[PDB]
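The chain below stands alone and is given as structure tokens, in the form deposited in one PDB entry.
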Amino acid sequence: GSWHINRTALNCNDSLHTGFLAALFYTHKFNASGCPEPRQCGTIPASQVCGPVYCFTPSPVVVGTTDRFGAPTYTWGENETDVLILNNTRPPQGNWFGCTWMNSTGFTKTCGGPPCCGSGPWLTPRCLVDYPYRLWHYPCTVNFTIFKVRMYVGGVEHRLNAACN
């Protein structure tokens, strides 16, 4: 898939044997019987990141690995100096910014979110921004319906797909 590029941090460690790393290659059916069960976005050491990092303006963009000064790096985040500077994808105008990723041992992490109470790609308590790895980061949203939506953040028109319960 699009994730197997050398600018993706790939520090994965399925210590609990969930199967989540296999879900990144082959699309897998999640066990729905397990489903029911304001932070700022900065810089994440790549060593705690597995798979692609997405931020949302609310439009989704991928953040690749760099060194701590913003120079792109191509070693799968395996270098101790590799980072993900999330805030370099924040637009200069706008109060809408959040990101989401998987940490090393298979947990979905999040920061930022809508202005405000909703973090990362979640727009409302029932809707999140759709993006190519939503089902891997949020497998319990697999039956959410896709809606074309239009949002205005500080004047600019955003046209994106929202997945909604």
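Start at 1 with the first residue shown and count on from there. Think of the rigid core as the biggest set of C-alphas that the two forms share within 1.5 Å after superposition.
Beyond the structure shown, there is the form deposited in another entry, which is absent from this document and is the topic of what follows.
- Shown in the overlay between this form and the one not shown, fitted on the rigid core, is a CA shift at residue 108 smaller than 2 Å.
- In a rigid-core overlay of the protein, residue 91 has its C-alpha displaced by at least 2 Å between this form and the one not shown.
- Superposition of the core reveals a Cα shift of less than 2 Å for residue 138 between this form and the one not shown.
- If you compare C-alpha positions, residue 85 and residue 96 are 3 angstroms or more closer together in the other entry than in the form on display.
- The pair residue 98 and residue 88 approaches in the other entry: their C-alpha atoms are at least 3 Å nearer to each other than in the form depicted.
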